[PDB]
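Below, in structure tokens: the form deposited in one PDB entry, a single chain.
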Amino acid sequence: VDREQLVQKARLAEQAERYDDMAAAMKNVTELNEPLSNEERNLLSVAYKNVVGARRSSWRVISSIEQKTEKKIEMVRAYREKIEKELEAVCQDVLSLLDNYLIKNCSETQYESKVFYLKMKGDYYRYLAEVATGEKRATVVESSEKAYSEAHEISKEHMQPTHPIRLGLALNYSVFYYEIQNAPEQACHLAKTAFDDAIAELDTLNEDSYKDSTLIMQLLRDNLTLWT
């Protein structure tokens, strides 16, 4: 199997809603040890987002059952812990791909890729933080903030305020402050600043991405409305 067939397999797996297969295919593509195209980047992200998302959804269901309820609670807690370990394994898989391939071999001028991958790194440490406790949680919360903040600095310097990757970073970084750090003022400032910076430079919208830009601006406004 060559790279073209692996990417085709990922596309087929996505259509069949077999996201474990999709992630394995795109992990294999990454492990060819060459950079990812924009499409390969998106396929990798979609794959792992859906894999981890199934675990996140299941974890929230079992955690809610654990709060609402002898050998029964022992099984509920053990099952939650089983799902937790699966979720953590998926996140560490992604983070290893990011740290050892994707961020590692980014060129100096590939600012969009660096922001994309650093945002992903922030995302997956944030998913770890959702289920972590104690000192383990403090470590992954710190790692999430470090990745988001570096992505934010790079995107501030090298990307237009309407660029959809910069806007989506602000969206998720603000969510990190609201949900993980319990810091609604900082979350609102991040979201409002990104929205305002985009609307002030509306003339920088690109023909190939203006739909994503304007939609993510609405998602930012949605969260600000919910939070204020």
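Shifts are known only where both forms have a C-alpha. By rigid core we mean the largest C-alpha set that fits within 1.5 Å across both forms. Start at 1 and count along the sequence shown; that's the residue number.
Per the record, residue 69 and residue 70 are separated by a gap of 4 to 9 residues from the deposited sequence that were not modelled. Mean C-alpha B-factor is higher over 184-192 than over the other stretch, the pair under comparison being 184-192 and 164-172. Stretches 45-53 and 174-182 differ in mean C-alpha B factor, with the higher average recorded for 174-182. The residue among 144, 92, 155, 109 whose C-alpha atom has the highest B-factor in the PDB entry is 109.
Take 97, 73, 120, 151 and read off each C-alpha B-factor from the entry; 73 has the highest. Ranked within its chain, residue 14 lands in the lowest third, by CA B factor from the PDB record. Residue 79: CA B factor lies in the highest third for its chain, per the PDB record. Residue 102: CA B factor in the lowest third of modelled residues in this chain (values from the PDB entry). Residue 202 sits in the highest third of its chain by CA B factor, as recorded in the PDB entry. Sort the chain's modelled residues by C-alpha temperature factor and residue 138 lands in the middle third, per the entry.
The next section is about a form of this same protein that is not shown, the form deposited in another entry.
Shift analysis on the rigid core between this form and the one not shown singles out 201 from 31, 185, 201, 39 (C-alpha displacement of 2 Å or more). 200-204, 206-208 are the runs of at least 3 consecutive shared residues whose C-alphas each shift by 2 Å or more between this form and the one not shown once the core is superposed.
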